[PDB]
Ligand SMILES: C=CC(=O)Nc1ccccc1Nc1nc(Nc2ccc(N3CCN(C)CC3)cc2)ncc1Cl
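Have a look below at one chain only, the form solved without the ligand, in structure tokens format.
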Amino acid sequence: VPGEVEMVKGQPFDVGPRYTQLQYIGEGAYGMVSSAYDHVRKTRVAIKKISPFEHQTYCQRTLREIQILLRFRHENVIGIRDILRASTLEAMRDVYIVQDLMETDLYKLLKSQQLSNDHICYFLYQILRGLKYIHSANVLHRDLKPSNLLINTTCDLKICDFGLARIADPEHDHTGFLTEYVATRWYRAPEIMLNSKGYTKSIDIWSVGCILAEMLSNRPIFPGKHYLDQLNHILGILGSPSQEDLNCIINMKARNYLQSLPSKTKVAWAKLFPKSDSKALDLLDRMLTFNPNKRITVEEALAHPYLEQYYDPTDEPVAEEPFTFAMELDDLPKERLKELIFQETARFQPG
């Protein structure tokens, strides 16, 4: 039917006439992602429909995604090509964000096949190369995991989903034991459960280490079944924290919890991953340190021997400038966040 609003799994994707021939890709709490044909550029693209305006938290994640991705430009970070929304604030219920179409994601890929060492190494390199750019703006991704790493048919990898992203804020990292956390459980560093809000760059390095382990074995390394179980999973492999590491934890409840557990020595990575490359395991070891202060940085990780075929600091760019997001943004009413989303999307108007 000419001028029809196309439906994707019962959801209207009102993106014509520029974009048509919508096909479902996937969905989540965020909304739904589809592919479409772009009649201007004459190519298929990804378009996601986000409808966040009923809740302040959904609006925070939407604004954060937009504000970061409109500024970032890097080969290993997904961009924004276009954004569609209504011409007035009152009419705007949906934001459609158009992005490059990729072939798959690392979650799908790791369910489908074992990767060669070459592919593990090269995917790792690209994750780190993207993360160097992200960290250079003092941005923390905070939700790295296989489903947020998009891959095309030439094995190019792009990092996506900046809804939980924040700025490095070591002054305010501290929190109590068992503080609720929004990012994906299996990729949470141990300190999230002990004393950390995840406001330092070490949070993302931990998640990368989890991703590397998962590329080595085709299963998540620390699949906790609930919040505290995640910490227990971690401690089952890393073993009991040393006295020095315990002395960096002054939360009484965290300390007393850790000190009640059975004494256990670190499980050797070579025993967990007996067919993996020794250099990959060395780098894994450096990423999955219990103490975040001792954890490898992104630049150090790029320079690690495992990555030597690809490492090229003349070809690993950084951001123009760091970003700032004040905590007081998190307290703005949702209609104020809506106004900001309206402003940020204005330069893609009209449709």
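Numbers for residues come from their place in the sequence shown, where the first is 1.
The same protein also has a form solved in complex with the ligand, omitted here; what follows describes it.
- Taking the partner from the other structure, the ligand in the entry with it bound has a heavy atom within 4.5 Å of a heavy atom of residue 235.
- The closest heavy atom approach of residue 263 to the ligand in the entry with it bound falls within 4.5 Å.
- Taking non-hydrogen atoms only, residue 257 approaches the ligand to within 4.5 angstroms in the entry with it bound.
- Although the partner is absent from this view, residue 240 contacts the ligand in the entry with it bound, with a non-hydrogen atom inside 4.5 angstroms.
- Stretch-level contact check against the ligand in the entry with it bound with heavy atoms at 4.5 Å: of 214-222, 192-200, 227-235, 86-94, the positive one is 227-235.
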